[PDB]
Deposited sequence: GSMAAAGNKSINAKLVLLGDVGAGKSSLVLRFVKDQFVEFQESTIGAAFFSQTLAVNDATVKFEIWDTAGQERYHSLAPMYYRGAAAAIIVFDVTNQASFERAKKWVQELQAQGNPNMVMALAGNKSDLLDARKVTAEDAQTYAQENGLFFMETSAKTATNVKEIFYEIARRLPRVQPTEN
């Protein structure tokens, strides 16, 4: 039906790998079906450390989609999230379904980044935002479908 490549981007402490664990290692297959169309997901984890930043394009080469995670409780990763989508917007094939995920909202008051701050920037750049959480299984099942809905 549709084999599909998805890429996680974001730093360490964004916890993208803690994130996808709820969705069931560095790589995960997942055949997902929406509205009679069926999509197999090839999900690719990246090393979040700055010292590897320039390896990134070897991974998102030929990406059907990407998810950009950041840490809501530690501000600077939201900015790193900005540079990512900025880099994707430019280097990936323009027919790419991107998603922003703000992870570690699982702390009821530590959160440093507002829902508008995130919602507004995402809106501005052709993607949706979700408040992801691994401790409370929130927005993991959810986020993949919205992307599926949006694939050529």
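Taken in order along the deposited sequence, the stretches absent from the coordinates are 1-9, 34-46, 175-181.
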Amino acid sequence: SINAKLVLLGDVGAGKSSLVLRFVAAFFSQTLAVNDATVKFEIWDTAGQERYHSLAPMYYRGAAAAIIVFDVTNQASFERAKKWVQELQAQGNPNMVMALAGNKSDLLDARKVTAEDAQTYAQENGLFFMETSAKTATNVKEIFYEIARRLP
From here on, numbers count along this sequence of modelled residues.
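Throughout, rigid core stands for the largest set of C-alpha atoms superposing within 1.5 Å between the two forms.
Greater C-alpha displacement in 4 other deposited structures of this protein (rigid core superposition, RMS over structures and residues), of 39-47 versus 102-110: 102-110.
Relative to the displayed structure, the C-alphas of 27-35 lie farther away on average in 4 other deposited structures of this protein than those of the other candidate, with 27-35 and 53-61 compared after rigid core superposition. In this entry, 90-98 has the higher mean Cα B-factor, the comparison being between 43-51 and 90-98. Of the two stretches examined, 59-67 and 28-36, the record assigns the greater average C-alpha temperature factor to 28-36. The PDB entry assigns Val140 a C-alpha temperature factor belonging to the highest third of its chain's modelled residues. Placement of the Cα temperature factor of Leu19 within the chain: middle third of the modelled residues, per the deposited record.
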